[PDB]
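Shown next: run20.txt, containing compact mmCIF, C-alpha atoms.
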# COMPACT_ATOMS: atom_id res chain seq x y z
CA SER P 1856 -11.56 -17.94 -15.88
CA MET P 1857 -9.69 -14.64 -16.23
CA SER P 1858 -11.32 -12.59 -19.00
CA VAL P 1859 -13.57 -15.64 -19.96
CA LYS P 1860 -17.15 -15.36 -18.71
CA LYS P 1861 -20.35 -17.41 -19.19
CA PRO P 1862 -23.30 -15.28 -20.37
CA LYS P 1863 -24.93 -12.97 -17.72
CA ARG P 1864 -28.16 -14.58 -16.27
CA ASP P 1865 -30.42 -11.59 -15.44
CA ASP P 1866 -30.71 -11.36 -11.59
CA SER P 1867 -32.15 -7.81 -11.47
CA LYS P 1868 -35.65 -9.03 -10.43
CA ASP P 1869 -34.44 -11.65 -7.91
CA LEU P 1870 -35.06 -9.42 -4.81
CA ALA P 1871 -38.60 -8.70 -5.87
CA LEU P 1872 -39.36 -12.23 -6.82
CA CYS P 1873 -37.95 -13.68 -3.48
CA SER P 1874 -40.09 -11.05 -1.63
CA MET P 1875 -43.18 -12.32 -3.52
CA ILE P 1876 -42.45 -15.94 -2.74
CA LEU P 1877 -41.89 -15.06 0.96
CA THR P 1878 -45.26 -13.15 1.02
CA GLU P 1879 -46.98 -16.26 -0.32
CA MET P 1880 -45.26 -18.42 2.36
CA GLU P 1881 -46.24 -15.84 5.07
CA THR P 1882 -49.95 -15.97 4.06
CA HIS P 1883 -50.26 -19.79 3.75
CA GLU P 1884 -52.62 -21.20 6.35
CA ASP P 1885 -49.96 -23.66 7.57
CA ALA P 1886 -47.29 -20.94 8.12
CA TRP P 1887 -48.24 -20.43 11.80
CA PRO P 1888 -45.33 -22.53 13.27
CA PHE P 1889 -42.82 -20.51 11.21
CA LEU P 1890 -43.96 -16.87 11.44
CA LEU P 1891 -41.82 -15.96 14.47
CA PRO P 1892 -38.70 -17.29 16.07
CA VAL P 1893 -39.16 -20.30 18.36
CA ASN P 1894 -39.09 -18.98 21.98
CA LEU P 1895 -35.79 -20.44 23.34
CA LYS P 1896 -36.78 -19.68 26.95
CA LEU P 1897 -40.10 -21.56 26.72
CA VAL P 1898 -39.30 -24.56 24.47
CA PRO P 1899 -37.08 -27.06 26.22
CA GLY P 1900 -34.40 -28.62 24.10
CA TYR P 1901 -34.62 -26.14 21.20
CA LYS P 1902 -31.62 -24.03 22.01
CA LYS P 1903 -29.23 -26.93 22.43
CA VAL P 1904 -30.47 -29.07 19.61
CA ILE P 1905 -31.18 -26.50 16.85
CA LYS P 1906 -27.88 -24.90 16.13
CA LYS P 1907 -29.14 -22.33 13.59
CA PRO P 1908 -32.78 -21.24 14.34
CA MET P 1909 -34.58 -19.59 11.42
CA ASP P 1910 -38.13 -18.35 10.78
CA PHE P 1911 -40.06 -16.28 8.24
CA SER P 1912 -39.85 -12.99 10.16
CA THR P 1913 -36.06 -13.28 10.38
CA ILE P 1914 -35.84 -14.03 6.65
CA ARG P 1915 -38.10 -11.06 5.95
CA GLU P 1916 -35.84 -8.74 7.97
CA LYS P 1917 -32.70 -10.13 6.28
CA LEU P 1918 -34.34 -9.71 2.82
CA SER P 1919 -35.42 -6.13 3.57
CA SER P 1920 -31.91 -5.07 4.84
CA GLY P 1921 -29.63 -6.46 2.12
CA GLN P 1922 -28.38 -9.44 4.01
CA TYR P 1923 -28.86 -11.99 1.19
CA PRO P 1924 -25.98 -11.74 -1.32
CA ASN P 1925 -27.85 -13.79 -3.88
CA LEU P 1926 -31.09 -15.79 -4.43
CA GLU P 1927 -29.34 -19.07 -3.29
CA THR P 1928 -28.52 -17.81 0.19
CA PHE P 1929 -32.22 -16.88 0.47
CA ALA P 1930 -33.32 -20.44 -0.48
CA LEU P 1931 -30.81 -21.89 2.03
CA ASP P 1932 -32.53 -19.95 4.90
CA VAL P 1933 -36.01 -20.98 3.74
CA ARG P 1934 -34.93 -24.68 3.63
CA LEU P 1935 -33.28 -24.24 7.08
CA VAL P 1936 -36.68 -23.41 8.52
CA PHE P 1937 -38.04 -26.77 7.31
CA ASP P 1938 -34.92 -28.76 8.16
CA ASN P 1939 -35.08 -27.43 11.71
CA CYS P 1940 -38.80 -28.31 11.89
CA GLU P 1941 -38.12 -31.90 10.75
CA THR P 1942 -35.23 -32.21 13.26
CA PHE P 1943 -37.53 -31.30 16.22
CA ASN P 1944 -41.07 -32.38 15.34
CA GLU P 1945 -42.59 -35.75 14.62
CA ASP P 1946 -43.79 -36.14 11.02
CA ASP P 1947 -47.29 -37.00 12.39
CA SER P 1948 -47.70 -33.82 14.48
CA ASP P 1949 -49.53 -30.70 13.39
CA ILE P 1950 -46.24 -28.76 13.23
CA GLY P 1951 -44.37 -31.64 11.53
CA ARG P 1952 -47.05 -31.94 8.81
CA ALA P 1953 -47.12 -28.12 8.42
CA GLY P 1954 -43.39 -28.18 7.70
CA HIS P 1955 -43.66 -30.85 5.03
CA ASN P 1956 -46.60 -29.03 3.39
CA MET P 1957 -44.67 -25.71 3.38
CA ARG P 1958 -41.51 -27.18 2.02
CA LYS P 1959 -43.48 -28.62 -0.91
CA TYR P 1960 -45.22 -25.33 -1.45
CA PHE P 1961 -41.88 -23.44 -1.44
CA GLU P 1962 -40.02 -25.77 -3.72
CA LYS P 1963 -42.74 -25.58 -6.41
CA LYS P 1964 -42.71 -21.77 -6.28
CA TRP P 1965 -38.94 -21.83 -6.46
CA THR P 1966 -38.81 -24.07 -9.57
CA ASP P 1967 -41.65 -22.20 -11.26
CA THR P 1968 -40.17 -18.79 -10.64
CA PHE P 1969 -36.44 -19.42 -11.35
CA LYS P 1970 -35.90 -22.85 -13.13

Translate this file's structure into structure tokens.
Amino acid sequence: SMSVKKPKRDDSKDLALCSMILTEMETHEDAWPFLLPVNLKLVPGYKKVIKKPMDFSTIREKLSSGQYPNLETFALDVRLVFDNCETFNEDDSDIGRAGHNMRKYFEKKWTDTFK
């Protein structure tokens, strides 16, 4: 509360560490569905159904331009990518399976790096 603060958790490396995690996600062999924004002109249904599209290139641009206020808003965008994928793709599709695999990959890096 006013003039009463919990001890300061050191966030000075968070930008660098999120950038490293994102590089590892970018270079994963199953990242291909997620590298670029879904083309809203060429994929019927996507625009109407997926209210907040997100992809790795958009996260990378946001990360590089100071648009994440903290490491949690970064994780929310990463999870959005996989939540969108699960909304639109059958679990037993190449893209659906990619999204499950990547989510697992991310969440392990996240816990290992920060928790």

Q) Quick one: residues within 8 Å of segment 1871-1877 of chain P, all atoms listed in the file counted, chain neighbours fewer than 5 positions away excluded, as a ChimeraX atom specification? A) /P:1911,1915,1918,1926,1929,1961,1964-1965,1968

Limited to C-alpha atoms, could you put the picked residues into a file as an mmCIF file, in the frame of the given file?
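See again.cif below for the written result:
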data_model
loop_
_atom_site.group_PDB
_atom_site.id
_atom_site.type_symbol
_atom_site.label_atom_id
_atom_site.label_comp_id
_atom_site.auth_asym_id
_atom_site.auth_seq_id
_atom_site.Cartn_x
_atom_site.Cartn_y
_atom_site.Cartn_z
ATOM 1 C CA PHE P 1911 -40.060 -16.280 8.240
ATOM 2 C CA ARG P 1915 -38.100 -11.060 5.950
ATOM 3 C CA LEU P 1918 -34.340 -9.710 2.820
ATOM 4 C CA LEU P 1926 -31.090 -15.790 -4.430
ATOM 5 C CA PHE P 1929 -32.220 -16.880 0.470
ATOM 6 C CA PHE P 1961 -41.880 -23.440 -1.440
ATOM 7 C CA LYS P 1964 -42.710 -21.770 -6.280
ATOM 8 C CA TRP P 1965 -38.940 -21.830 -6.460
ATOM 9 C CA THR P 1968 -40.170 -18.790 -10.640
#

**Q.** Straight-line distance linking atom CA of residue 1891 of chain P with atom CA of residue 1912 of chain P, stated in Å to one decimal
**A.**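 Interatomic distance here is 5.6 Å.
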
Q: Enter the distance from atom CA of residue 1879 of chain P to atom CA of residue 1864 of chain P, in Å, rounded to one decimal.
A: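 We find that atom CA of residue 1879 of chain P and atom CA of residue 1864 of chain P lie 24.7 Å from each other.
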
Q: Write out as a list in words each polymer residue whose atoms come within 10 Å of residue 1935 of chain P, counting all atoms listed in the file; drop sequence neighbours fewer than 5 positions from it.
A: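 My reading of the contact set: residues 1907, 1908, 1909, 1910, 1929, 1930, 1940 and 1941 of chain P.
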
Q: Choose the residue, out of P:1914, P:1920, P:1883, P:1970, that has the smallest atom-to-atom separation from residue 1932 of chain P; count all atoms listed in the file.
A: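 Under the stated criterion, the closest residue is P:1914.
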
Q: Rank nothing, just name the residue among P:1956, P:1925, P:1944, P:1867 nearest to residue 1900 of chain P, using all atoms listed in the file.
A: P:1944

**Q.** Between atom CA of residue 1881 of chain P and atom CA of residue 1967 of chain P, distance in Å (one decimal)
**A.** 18.1 Å

Q: Could you check which of P:1858, P:1880, P:1869, P:1945 is closest to residue 1959 of chain P, using only C-alpha atoms?
A: P:1880

Q: Find, counting all atoms listed in the file, the residue in P:1916, P:1889, P:1857, P:1906 that gets nearest to residue 1950 of chain P.
A: P:1889

Q) With distances taken over all atoms listed in the file, which of P:1885, P:1903, P:1897, P:1943 is nearest to residue 1957 of chain P? A) P:1885

Q.
Nearest residue to residue 1870 of chain P out of P:1882, P:1894, P:1856, P:1922, using only C-alpha atoms?
A. P:1922
